[PDB]
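Input: a single structure, listed below in structure tokens.
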Amino acid sequence: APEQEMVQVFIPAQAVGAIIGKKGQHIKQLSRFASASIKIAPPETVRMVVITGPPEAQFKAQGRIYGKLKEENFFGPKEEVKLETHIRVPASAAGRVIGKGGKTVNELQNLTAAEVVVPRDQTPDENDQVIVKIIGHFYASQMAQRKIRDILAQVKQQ
């Protein structure tokens, strides 16, 4: 059964208008395209897009956010869109995302050219989960997320 995941994508504050669209048109139809729930989180004081859905939904929705930002010239003419994404992993599995000595997060970064960072002083949330930070282009971020998901599923069996 397609399990659901929640991802937080940070976008430039000024881009919220193009993601939402007039009368919310763009964010509704993006939800239908991806078959995902897609929400702009309230400002704490970048803005955070919260995407909830299974992996294929995540791919479609995230793909369209990177694409919309590209199309609106939010970055630059020669500039690939690079965004920060936060995902949550079991605390008991974070040490396996890092690897012994740090070898798996290193391999991740070398394979994808995404920057992947597990902050080390975290308090697990009420679901015993901690943040992994992913910064990169669309493909790099997708590949980091897919790999981390596969690591988690491995730890779960064993």
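Both backbone and side-chain heavy atoms feed into the values below; hydrogens, waters and symmetry mates do not. Numbering starts at 1 and runs along the sequence shown.
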Residues which pass ring-ring contact (aromatic ring centres under 6.0 Å, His included) with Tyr66, listed by chain and number, not counting sequence neighbours:
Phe138
Transitive ILVMFWY cluster of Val117 at side-chain heavy atoms under 4.5 Å: who else is in it?
none
Who pairs with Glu80 by side-chain hydrogen bond (donor to acceptor under 3.5 Å, both in side chains), at least two apart in sequence or on another chain?
none
Apply side-chain contact (heavy atoms from CB on, under 4.5 Å) to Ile135 and list each qualifying residue two or more places apart in sequence or on a separate chain.
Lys82, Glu84, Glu115
Is there any ring-ring contact (aromatic ring centres under 6.0 Å, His included) pair reaching into residues 95-128, and which pairs are they, with sequence neighbours excluded?
none
Consider only side-chain heavy atoms of I, L, V, M, F, W and Y, link residues closer than 4.5 Å, and tell whether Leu83 and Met48 are in one cluster.
no
Give the other cluster members for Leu111, using side-chain heavy-atom distances under 4.5 Å between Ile, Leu, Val, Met, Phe, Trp and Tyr residues; answer none if it is isolated.
none
Got a sec, which pairs hit side-chain hydrogen bond (donor to acceptor under 3.5 Å, both in side chains) with one end in residues 118-136, sequence neighbours left out?
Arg88-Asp125
Contact between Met6 and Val50 at the side-chain level, heavy atoms closer than 4.5 Å - yes or no?
yes
Should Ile131 and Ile151 be counted in the same cluster of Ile, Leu, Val, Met, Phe, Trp and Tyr side chains packed under 4.5 Å apart?
no
If you look at every heavy atom in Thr104 and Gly99, which pair is closest and at what distance?
OG1-CA, 3.4 Å
For a quick test of reading the model, state the closest non-hydrogen atom pair linking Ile65 to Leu30 and the distance between them.
CG1-CD2, 4.3 Å
Going by heavy atoms in the side chains, are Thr112 and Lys147 under 4.5 Å from each other?
no
Is it true that, when you exclude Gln25 itself, more than 12 heavy atoms of the residues, nucleotides or ligands shown sit nearer than 6.0 Å to its CD?
no
Inter- and intrachain pairs under salt bridge (charged side-chain N to carboxylate O under 4.0 Å, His left out), touching residues 14-24, at least two apart:
none
Give every residue pair that meets the ring-ring contact (aromatic ring centres under 6.0 Å, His included) criterion with at least one member in residues 104-131, sequence neighbours excluded.
none
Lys/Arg N to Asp/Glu carboxylate O, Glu5 vs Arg149, below 4.0 Å
yes
So which atom in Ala15 and which in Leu69 form the shortest heavy-atom distance, rounded to 0.1 Å?
CB-CD2, 3.4 Å
List the residues meeting side-chain contact (heavy atoms from CB on, under 4.5 Å) with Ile27, not counting sequence neighbours, and say none if there are none.
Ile38, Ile40
Give me the atom names and distance for the closest heavy-atom approach of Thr85 to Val7.
CG2-CG1, 3.2 Å
Listed once per pair and sorted, the ring-ring contact (aromatic ring centres under 6.0 Å, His included) pairs that draw on residues 2-26, sequence neighbours left out
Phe10-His86
Side-chain contact test, heavy atoms from C-beta onward, threshold under 4.5 Å: evaluate it for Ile134 versus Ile148 and give yes or no.
yes
Do you know the tightest heavy-atom contact between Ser35 and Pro54?
O-CD, 4.5 Å
Assess the residue pair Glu72 and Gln14 against the criterion (side-chain contact (heavy atoms from CB on, under 4.5 Å)); give the C-alpha distance rounded to whole Å, side-chain angles, the decisive distance to 0.1 Å, and a yes or no.
CA-CA 11 Å; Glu72 306 313 306; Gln14 55 271 24; over 6 Å; no
What side-chain hydrogen bond (donor to acceptor under 3.5 Å, both in side chains) pairs are there with at least one residue in residues 47-59, not counting sequence neighbours?
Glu56-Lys60, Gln58-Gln62
